[PDB]
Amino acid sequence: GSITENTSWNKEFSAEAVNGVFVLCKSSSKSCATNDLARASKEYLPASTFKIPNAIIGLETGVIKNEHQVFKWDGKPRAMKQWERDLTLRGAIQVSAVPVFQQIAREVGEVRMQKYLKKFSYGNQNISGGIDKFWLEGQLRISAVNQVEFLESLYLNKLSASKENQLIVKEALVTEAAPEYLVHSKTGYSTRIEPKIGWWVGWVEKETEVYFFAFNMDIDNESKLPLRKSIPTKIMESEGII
């Protein structure tokens, strides 16, 4: 593939006083563009974007039985009201139910989780910091470029997992369906350790083209969180994609 720096996108960041990066890749020409090559290569806690490999590994290992599994709420208070209810696998991914995935990670265990992150070439592959929190406050780091490589492998079923399991997770990641296009995506927000990072990663299928994308930004306060989606959306709109 190739990557090129495109300074024009900076307008959307400048207007918002945002420090951040977008990486957008057109599958047919294996060609990516970024507003910031340096930041595109910087490696940050994945936070809830880790739900993507974690769901695959959960299925691969038999910890998650299948896409019809329901994760029941035990009635104990959770950090968000939206998590205080039974959830499907898709629902637990889409509302970012950390408690559900901490449990999955515990059952997966260190030996197996390490093995998969190596197979997946996932970031620095460093799961230090406790088996249920390493993606949230441990030693794990991944870049925007690595996220797009990973998502392309998933799209093509080239990850070291069954196609069945890859498809289940693909199915779960759909976030917008229109007559002209389909969006798969996942957000993250790293807030336990400095610096505070918001992520939005995914891909768009339009006509017979596929566009993979990864976005991250420094988050000053919770009031900036929507720019996580709105800056990349604006860019993708300006490019005539969505």
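Numbering starts at 1 and runs along the sequence shown. The term rigid core refers to the most C-alpha atoms you can superpose between the two forms while keeping them within 1.5 Å.
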Of the stretches 79-87 and 94-102, which sits farther from where it is here in 7 other deposited structures of this protein, on average over its Cα atoms, after fitting the core?
79-87
Comparing 68-76 and 111-119 where Cα RMS over structures and residues is taken in 7 other deposited structures of this protein (core fit), larger one:
68-76
Looking only at C-alpha temperature factors in the entry, 113-121 or 150-158, the higher average sits in 113-121
Assert higher mean C-alpha B factor (125-133 or 164-172, deposited values) equals 125-133
Compare the CA B factors listed in the entry for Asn216, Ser28, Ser185, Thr34 and report the winner.
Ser28
Based on the entry's values, in what third of the chain does the Cα temperature factor of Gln102 lie: lowest, middle or highest?
middle
Among the modelled residues of its chain, does the C-alpha B-factor of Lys51 lie in the lowest, middle or highest third?
lowest
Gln82: which third of its chain by C-alpha temperature factor?
highest
Taking the chain's C-alpha temperature factors as the reference, tell me which third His68 falls into: lowest, middle or highest.
lowest
Among all modelled residues of this chain, ranked by Cα B factor, put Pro195 in the bottom, middle or top third, i.e. lowest, middle or highest.
highest
